[PDB]
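Novice: Opening piece of the complex, as it sits:
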Amino acid sequence: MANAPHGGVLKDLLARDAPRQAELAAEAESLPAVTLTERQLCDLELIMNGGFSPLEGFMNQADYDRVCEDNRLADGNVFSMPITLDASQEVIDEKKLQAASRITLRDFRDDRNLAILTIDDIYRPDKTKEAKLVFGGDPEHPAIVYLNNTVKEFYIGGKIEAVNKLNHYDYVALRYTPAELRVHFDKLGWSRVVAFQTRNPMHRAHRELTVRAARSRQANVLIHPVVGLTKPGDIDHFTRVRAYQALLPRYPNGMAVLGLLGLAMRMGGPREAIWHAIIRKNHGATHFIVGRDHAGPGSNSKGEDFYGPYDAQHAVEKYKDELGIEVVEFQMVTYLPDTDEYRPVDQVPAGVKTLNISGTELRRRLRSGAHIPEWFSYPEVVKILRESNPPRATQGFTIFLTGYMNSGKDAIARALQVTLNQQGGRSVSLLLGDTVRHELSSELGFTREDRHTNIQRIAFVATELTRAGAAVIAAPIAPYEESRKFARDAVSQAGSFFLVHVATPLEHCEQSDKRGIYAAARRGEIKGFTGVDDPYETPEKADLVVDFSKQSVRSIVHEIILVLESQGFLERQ
Amino acid sequence: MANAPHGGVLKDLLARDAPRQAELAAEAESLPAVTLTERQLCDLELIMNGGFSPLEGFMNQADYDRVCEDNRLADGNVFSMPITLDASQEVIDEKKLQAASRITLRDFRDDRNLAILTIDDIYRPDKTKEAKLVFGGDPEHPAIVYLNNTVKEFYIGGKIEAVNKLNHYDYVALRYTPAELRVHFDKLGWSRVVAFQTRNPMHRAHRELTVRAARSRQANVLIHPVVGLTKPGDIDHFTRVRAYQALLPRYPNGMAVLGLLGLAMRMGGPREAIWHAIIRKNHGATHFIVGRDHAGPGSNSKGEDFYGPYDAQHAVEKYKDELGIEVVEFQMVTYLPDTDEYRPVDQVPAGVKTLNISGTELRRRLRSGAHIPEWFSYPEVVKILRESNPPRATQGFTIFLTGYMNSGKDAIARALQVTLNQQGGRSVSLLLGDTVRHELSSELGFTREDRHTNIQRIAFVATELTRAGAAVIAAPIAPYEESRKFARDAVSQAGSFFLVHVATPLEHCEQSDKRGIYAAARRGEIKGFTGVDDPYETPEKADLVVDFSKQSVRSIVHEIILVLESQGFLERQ
């Protein structure tokens, strides 16, 4: 086999309870139901699949206490991370929860019944104690700011009975239970396996690092990246995974397996590192790389590191032998251009080439689109990591016109459309004031509130189109700063926004009115008409100001085109 | 200059009335304005800029009749096609229109004042005589059916005065007036110039007709394709011009010029031809190519060809000498594979290679994406002509789910999103029932009418996104066939639509309801709730039927993915 489960027996509860599936499923229907948070879900998944072996439920007091203070569960097995389910008095009463109560753990994403937990105790934990003992104490620590702003007042210990495994629709082939991974290592004659934990990109150095370990420890590699619960439309998450997959064939043929790991990290440094060692051991890895600042939060508001570069490694080594897993401490190497190789911080003769790119500099570049050294990260991988920060020539954008009724914005807008359909870089969506009123706001009025709603409605549609990479041209009146500000923020989430104030003077608008709407509004036939009986909050930081009285349309369209051209949006075909 | 104008003087009314622009301008601010149609604006453009010399206003009765019988204008000059403005008695009176009346001719696209027509008469045309001798007759003919259905009872003759150029925002570099083209031919020393008339794609044999025709008449080439007024989002149009532009570099360097002619064709065969010949002569061409069925409407109901394959070429030679311009009747050649050349319907030895693709076959192919012979049409040109019939792997599409409240469609929808965001071919827009209700229909109700409006609202947004190439997933209840049919038609205009009926049985939906909405609706706390007090018109031709009681979501999402995959939409990366 690979490495034995932590505690000697894999707590594969889904396998254990499979035979009763349908009955637990039936009863899971009636029981009082607690709907889990994202953290309790990620935990439940590893509890159920034996990832937290020997653990087999959410921690009760005898486990939790000896874990918070001794890094051990009651039975004596090493375990450095509190795994608990929390509730408030309201719900504990509200649902009659108490020792012996059987409850249903529900998935907040799709409402599935995942498990049935038979209660042990319902204690009120000392969070001040937990934060200091488990995460260091700093009020700024992520897991602490969480333990005090989300975790409820009480913990509910209790063994778990698995009914259904969580449903994930992204990358099922890359999701491996500890059993699947163990079977896999076994089919291929695998014995020693070095697991690599990460929550980041993965470049050349990472590739050279894992390979060297594998080769020196005469072993195979498990690339085990961490993911939390997937956000249906979180493209960043898909980009990340594709990055990893892209990197897979740069590894010696047959040496590695890529596997996603559903873990809700605390960023509890040393303590998480030990936890991690356990989880990989359960997953069948025999070796675990531990890095500098492993699972590290970084530094507080006033530059204090929450942990030192080496505490992780010092922790996992202290327990290493007991746990039965080998640690592989990495001494990351650099690049030697003249050489075309990589070597330890020492295997480099004085004066070779200190070629090493910065992470802050890499992000910086990925953002700017500034070429990245192929010696630093493979092409196909970088090609994918960039997609989450696309080139302006690809981004959709919204041109949001605003100004009095009949200020010429409609004509300007139509001409901008023909102009942009000629440059042909994207599809163009036109949302004229009236079209919007007819299609999406036919039953709204003109009160401050109603107009605001109408604009939020244009922003929403514009924001979806901007996200699809379209060029959206909107020409509502948008009399209020509050509205326009809203539209700008809504759309910015998906691409760029430009406010063009068609500042044509009112008098000009009225005089040229050939529909008598200003006339009717003047004589009360229309209530609170903008400019007449309702205000027009003149824009203050418009991206472009124009006057249909002073400039022709092609000239105006062209000023708009110039702004877009100057920001890289139009890099033509 | 090239060939002298028609009649002898270029009717550059715009140039003329230019020193009086502002004056005639302000005078049009008050005169009784009339908005012209597209056929009228296109006739107005060539009148105000001389394209129609000697003609200089819409033909009053004198001009109009001698043309219908003698093919001549009043003053004796040849002119085979009527240029008349029209109106109905309601408007003749409404504004008080009689000879000596000064009307303002308005542009519908932007309400710009273009010309001031000072009447000469207001007669009522024998739309029967005209349509018979002028357009050949047959009750089918496109111009006839326009004449009878669209042309008003009476025509308004009167010379014209130019007040504004007429704003086009596309391809200004390709838009030439007869003056502009004359100046260009003059700067280049161009004497003899051969013009080409087309309303079609222009492939390779064309580049062979033109070059061969010009090199033998020792001349240069004016590629003069036609265009009516531009519908701001008539992508096909930009595609066409782009095709023409890509073809330009396939010409012996400097041999040809590309010019767009804003002419409204009447598809009036032999007579339109002769009209064309004058238009080009006014534009400075010394020669004109006249083809088989030039300006032909093809066939009629029973299959009768309105004109003979040579009624056009032979019609122009009758007046050829008088007009001044010379005719270059083309004898289109074929392709010789073995040879790698093209030659007349006779210059081909018995048994070479009758390689000639069909037009009906080419459209057919362009549609299907079936490769097209480079000997037939250049690559870069065909690459563009296809963009108006994109590959399914590029088209956006809408997956429109429908079924009872809580039928599982929401969960299906979310998983379809994750699934589609993993395949990453397009951006994905999720329009869940509630999101839609909150963002676009927050103030609609649930009456037959209201729900219908809500769906039309989803269709609109979905149709814009489908057009931008997005994957749209909508999960409203959509209880009515009328609604769903509407959405299907709205979206089909921009891409594909799939109706997925989440046919989960009501009982199942109620039993599983964990929000008590079915409960409340049962006891009257909610009026006309679908399934309870309001009907659910079960779909009949759903693209896919699913049951959330019988199938898991991944299995359901996968059936949906299979349909998409099978229709070429997912051709992955």
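Specialist: Thanks, I have the structure now. Numbers count the residues shown, from 1 in each chain, chains lettered A, B, ... in the order given.

Novice: what kind of secondary structure is residue A:173 in?
Specialist: Here residue A:173 takes the helix state, with states given by DSSP: H, G, I helix; E, B strand; the rest coil.

Novice: Could I get the contacting residues of it?
Specialist: Neighbour list for residue A:173: empty [criterion: CB atoms under 8 Å, 6 or more residues apart in numbering or on different chains]. All C-beta atoms are positioned from the backbone trio N, CA, C, and that covers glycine.

Novice: what about it, distance to residue A:259?
Specialist: Per CB to CB, to the nearest Å, residue A:173 is found 10 Å from residue A:259.

Novice: Got the phi and psi for residue A:225?
Specialist: phi -70, psi 150 (degrees, to the nearest 10).

Novice: Could you report the neighbour count for the residue nearest to it when sequence neighbours are not counted?
Specialist: Nearest non-adjacent residue to residue A:225, counting by CB to CB, 6 or more residues apart in numbering or on different chains: residue A:198, 5.4 Å away. By other CB atoms under 10 Å in any protein chain shown, 16 other residues sit near residue A:198.

Novice: what's residue A:198 sitting at in phi/psi?
Specialist: For residue A:198, the backbone dihedrals (degrees, to the nearest 10) come out as phi -160, psi 160.

Novice: if I look at it, how far off is chain B?
Specialist: 20 Å (CB to the nearest CB, to the nearest Å).

Novice: I'd assumed residue A:207 was in contact with that residue.
Specialist: No. Residue A:198 is beyond contact range of residue A:207, at 11.9 Å (criterion: CB atoms under 8 Å).

Novice: hmm, back to that, where's the residue nearest to residue A:225 relative to residue A:229, distance?
Specialist: Going from residue A:198 to residue A:229 by CB to CB gives 18 Å.

Novice: One more: residue A:121?
Specialist: Taking CB to CB, one finds residue A:121 at 28 Å from residue A:229.

Novice: Now do the helices in the stretch 151-300 of chain A.
Specialist: Taking DSSP state H, counting those that start in this stretch to define them, one finds helices in the stretch 151-300 of chain A at A:178-187, A:204-216, A:235-247, A:269-282.

Novice: Same list (the ones you listed) but as JSON lines, adding mean neighbour count and distance to chain B.
Specialist: Below are these laid out as JSON lines (neighbours: other CB atoms under 10 Å in any protein chain shown; distance: least, CB to the nearest CB, whole Å):
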{"stretch": "helix A:178-187", "mean neighbour count": "17", "distance to chain B": "17"}
{"stretch": "helix A:204-216", "mean neighbour count": "18", "distance to chain B": "23"}
{"stretch": "helix A:235-247", "mean neighbour count": "19", "distance to chain B": "5"}
{"stretch": "helix A:269-282", "mean neighbour count": "26", "distance to chain B": "25"}
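
Novice: Extend the structure above with chain C:
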Amino acid sequence: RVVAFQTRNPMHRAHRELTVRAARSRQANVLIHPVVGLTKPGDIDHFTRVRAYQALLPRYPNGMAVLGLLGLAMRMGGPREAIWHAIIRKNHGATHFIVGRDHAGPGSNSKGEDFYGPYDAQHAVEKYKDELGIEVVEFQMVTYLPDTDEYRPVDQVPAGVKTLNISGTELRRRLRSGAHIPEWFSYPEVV
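Specialist: Next up, chain C placed on what we already have:
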């Protein structure tokens, strides 16, 4: 729904277009299930064959197929083997099974007699099909249309397109000689 394909041969473009069409029409995925007997440690021919199959795998729509080896000792018992085959794939979880002309066929005796007719396999698996609980997918192998750059049934071809179809005896012949092979016939990396 999963359509299994049984073979003991190479696998080219036509085979690729065939399996795909079935999958698409029956709204299903594909199981490429080639047959292998016990491996001869140094039988390079066997490694070549499998690599051929693997090479062909990415020419299949992303996500549509799975390649799986099947340890079967065939008898070349035509009709009867075909039924047997249907059973084995059904056990393997396939819901559909393609049955070809001369499925698991020995060919013809010393004096030109076919041991079975082109269609007996299909007639056998259909006779039992419903009882067994597996759907048969009879293939109507298509040809190639050069002018078109497509493939179509022995009928979907207008009179005079291009009867472009390479022979198996001619393919072996070529593979041997090293004489170029039409990319429209078999993918490059596979050949």
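
Novice: the helices in the stretch 351-500 of chain A, which residues?
Specialist: Taking DSSP H, counting those that start in this stretch, the helices of the stretch 351-500 of chain A run over residues A:359-368, A:379-386, A:409-423, A:433-439, A:448-467, A:481-492.

Novice: scratch that, the stretch 1-150 of chain A
Specialist: In the stretch 1-150 of chain A, the helices defined using DSSP H, counting those that start in this stretch lie at A:13-17, A:21-28, A:38-48, A:61-70, A:89-94, A:127-135, A:142-147.

Novice: Pick the most deeply packed of those helices.
Specialist: Stretch with highest mean neighbour count among the helices of the stretch 1-150 of chain A: helix A:38-48 (a mean of 23; mean count of other CB atoms under 10 Å in any protein chain shown).

Novice: From chain B, how far off is residue A:300?
Specialist: 36 Å.

Novice: same check, this time on residue A:253
Specialist: Taken as CB to the nearest CB, the span from residue A:253 to chain B is 23 Å.

Novice: can you tell me which residues contact that residue?
Specialist: Counted by CB under 8 Å, 6+ apart, residue A:253 has zero contacts.

Novice: Pretty sure residue A:265 is one of the things residue A:295 touches, is it not?
Specialist: Yes. Counting by CB under 8 Å, residue A:295 does reach residue A:265; the two are 5.9 Å apart.

Novice: Surely residue A:108 is in contact with residue A:33?
Specialist: No. Counting by CB under 8 Å, residue A:108 does not reach residue A:33; the two are 11.0 Å apart.

Novice: For the stretch 301-450 of chain A, list the residues in contact with chain B, please.
Specialist: By CB under 8 Å from any CB of the partner chain, the residues of the stretch 301-450 of chain A that approach chain B are A:396, A:411, A:414-415, A:417-419, A:421-422, A:424, A:426-430, A:439-440, A:442-444.

Novice: ugh, wrong one, the stretch 51-200 of chain A
Specialist: Counting by CB under 8 Å from any CB, the stretch 51-200 of chain A sits next to chain B at A:109-111, A:167, A:169-172.

Novice: Apply 6 Å and report the result again.
Specialist: By CB under 6 Å from any CB of the partner chain, the residues of the stretch 51-200 of chain A that approach chain B are A:110, A:169-170.

Novice: re the thing from before, neighbour-wise, which of residue A:295 and residue A:265 wins?
Specialist: residue A:295 (23 against 19).

Novice: mind checking how far the closest residue to the more buried one other than its chain neighbours is from residue A:80?
Specialist: What sits nearest to residue A:295 in space, not counting adjacent residues and going by CB to CB, 6+ apart, is residue A:272, at 3.7 Å. Distance of residue A:272 to residue A:80, computed by CB to CB: 8 Å.
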